[PDB]
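A short write-up of the structure that comes next.
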Amino acid sequence: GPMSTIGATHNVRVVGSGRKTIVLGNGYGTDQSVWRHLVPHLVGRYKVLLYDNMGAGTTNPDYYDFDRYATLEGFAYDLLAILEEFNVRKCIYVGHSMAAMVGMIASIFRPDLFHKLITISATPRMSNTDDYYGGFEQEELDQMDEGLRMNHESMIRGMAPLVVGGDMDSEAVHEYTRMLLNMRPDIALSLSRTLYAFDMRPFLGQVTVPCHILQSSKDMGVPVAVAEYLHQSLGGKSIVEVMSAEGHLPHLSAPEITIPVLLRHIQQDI
Amino acid sequence: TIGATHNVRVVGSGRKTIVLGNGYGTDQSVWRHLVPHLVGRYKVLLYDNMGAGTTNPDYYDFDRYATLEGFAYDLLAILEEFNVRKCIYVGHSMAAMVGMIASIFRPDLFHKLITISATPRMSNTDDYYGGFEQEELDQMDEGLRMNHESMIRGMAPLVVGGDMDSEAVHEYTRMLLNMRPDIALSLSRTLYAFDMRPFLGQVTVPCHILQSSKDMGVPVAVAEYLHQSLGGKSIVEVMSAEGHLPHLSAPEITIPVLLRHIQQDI
């Protein structure tokens, strides 16, 4: 009855101390160590909750429920369950990419739990349509999927430097490559396919909590125009900041620039 | 993989490394008020003992963990895997006894031990006060066995003590309720019959013995017994904080005491 395994299965960690709580959600294929340059600057004034989304290399693959996670709201249910279990009444939610969209969905189901959302490299939809520019044609996504299934390790070793950007053999490229490779390949494929088909656009007007939209000046997964799209479509308050840093994972690869941006948007309200 | 199994996390920087060991049924978030005061000066290693609600119960090896001896192996294995030569070790309750067991094999690894709510034997004998008669430990065992969740919901606020209906009481209740009941029963019975006394004399590493007032599990006399019995240097500080988990429930008192003893050796 009262026994919850969600803290063990999702590697939930509460650190820091303070009146307000910050929750950090990881993007595709990453684990919470991606936040290790941010957390030191939060713990003096904030409680911080870290966790890994189901299917990460740091999590047990036997617990990945394919039907649950076939579409993204399954991860939103996990987030709400973590907030319930750890008695998080209200939080500042920072989410990278996938986790930005998960926090959006969760904030629609339960706006009371979210003081605001802060997004990094968020896109509501990857593939272009006749009236929307996501940065990918569907044929590109299909070819990317074909490369991933045909030779999973080679695809990952090659894509990780391009996604991180600005210099392979950077430490961040190595960590990202390692987290991607530590995923079980069938889970990596399934979640990739979920993200290829995800479409937040119809739902964006339902978001009412304030959103701080941050993104890099050059992100191979997210054209900067998509950040402006979100700003025009969200149902509540929002602000966009394009950072000088490049890359899909700037909190990992450009913390010297990104952490100060993040802190500014944590403190200040729109 | 022992790093992943025990949720080992390393943070901070400096010549000293501080290792924090958690008490029964408790995970490393109990140290969350202390760690931000440490990382500007020290490297800090946090981990969870097997059986904690944050660990996978499938990996609780009952034969391995049948005596407190089994948790020191884990500690040393963790200390080796993360390349920690010499640590300052802060252990709460059972972890104080573990770091002490572990210091007996390996003095070289511990610059000193700091203990919170440490006790070498819970049950009274004729020449010793531990705070509990054997019948009391018997009733507590039977209470856990007969209704796990009811036992915990009642005992957790008692054990935390101090201020009532606190954030600390909720977290302690939550972590105890997340243990698998057979593990909780197993580990509790070990702690109920454990006896460290014949080994204290071989504890030669210096030990800072910090004791809350009004700790339902450790009378104040036990801190003085440990002070008398350890083989090396020791000092006792009785704290004004109340309760069994003052690092969790009274950090505003306990953290400055901890910082003082981390920095001042004697």
Side-chain angles (χ1 to χ4, degrees), chain A residues 1-24 31-52 54 56-64 81-90 178-179 182-183, chain B residues 1 3-13 27-40 44 46-48 50-60 147-153 156 167 169-171 173-184 247-248 251-252 255:
Chain A
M3 197 198 51
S4 173
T5 57
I6 204 78
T9 66
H10 286 76
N11 306 310
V12 180
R13 268 195 183 92
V14 173
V15 297
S17 34
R19 184 176 54 180
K20 313 194 195 34
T21 300
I22 294 172
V23 178
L24 305 180
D31 62 72
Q32 60 191 261
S33 65
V34 86
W35 299 107
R36 70 178 193 271
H37 309 284
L38 171 61
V39 176
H41 301 91
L42 299 178
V43 294
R45 305 289 290 191
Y46 300 88
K47 211 166 109 153
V48 183
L49 186 155
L50 292 110
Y51 75 103
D52 304 324
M54 189 56 162
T58 48
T59 78
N60 179 10
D62 301 338
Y63 302 155
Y64 192 95
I82 290 166
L83 298 181
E84 181 56 61
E85 160 62 20
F86 283 82
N87 291 327
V88 178
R89 319 217 64 71
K90 211 134 199 143
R178 186 193 38 81
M179 315 173 180
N182 280 155
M183 306 189 51
Chain B
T1 66
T5 278
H6 290 76
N7 311 308
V8 179
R9 201 177 155 241
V10 183
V11 297
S13 83
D27 68 76
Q28 65 192 246
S29 71
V30 295
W31 300 109
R32 69 167 174 101
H33 301 277
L34 174 64
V35 172
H37 296 282
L38 297 173
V39 297
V44 177
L46 299 113
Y47 72 110
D48 298 338
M50 287 304 297
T54 48
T55 71
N56 182 354
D58 277 333
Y59 311 140
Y60 197 80
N147 191 325
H148 190 242
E149 155 188 30
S150 291
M151 197 42 168
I152 291 162
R153 289 193 188 281
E167 199 265 359
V169 172
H170 280 301
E171 324 205 319
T173 300
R174 185 185 59 80
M175 315 156 165
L176 290 178
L177 288 173
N178 293 337
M179 303 173 58
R180 206 168 78 182
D182 64 325
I183 293 173
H247 57 305
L248 172 68
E252 49 272 273
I255 274 43

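In the text below, chain A, chain B and the rest are named by the order of the sequence lines, each starting its count at 1. Side chains are part of it too, since the values below use all heavy atoms of this structure and drop only hydrogens, waters and symmetry mates.
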Interchain contact, B:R9 with chain A, by part (heavy-atom threshold 4.5 Å)
both

Within residues 27-37 of chain B, which positions have a heavy-atom distance to chain A below 4.5 Å?
B:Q28, B:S29, B:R32, B:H33, B:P36

For chain B, find which of A:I6, A:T9, A:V14 contributes the most heavy-atom pairs closer than 4.5 angstrom.
A:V14

Determine the minimum heavy-atom distance between B:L248 and B:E171, stating which atoms define it.
CD1-OE1, 3.6 Å

side-chain hydrogen bond (donor to acceptor under 3.5 Å, both in side chains) against A:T58, all qualifying residues, sequence neighbours excluded:
A:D52

Could you tell me whether the side chain of B:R174 reaches within less than 4.5 Å of the side chain of A:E85, counting heavy atoms only?
yes

Does A:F86 form a side chain to side chain contact (heavy atoms under 4.5 Å, CB included) with A:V23? I'd like the steps, not just the answer.
CA-CA 11 Å; A:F86 283 82; A:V23 178; over 6 Å; no

Measure across B:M179 and B:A184 and return the closest heavy-atom pair with its distance rounded to 0.1 Å.
CE-CA, 3.6 Å

Counting heavy-atom pairs under 4.5 Å to chain B, which of A:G44, A:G7, A:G16 comes out on top?
A:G16

Determine the minimum heavy-atom distance between A:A8 and B:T55, stating which atoms define it.
CB-O, 3.9 Å

Over all atoms of both residues, closest heavy-atom pair of B:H148 and B:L176:
CE1-O, 4.2 Å

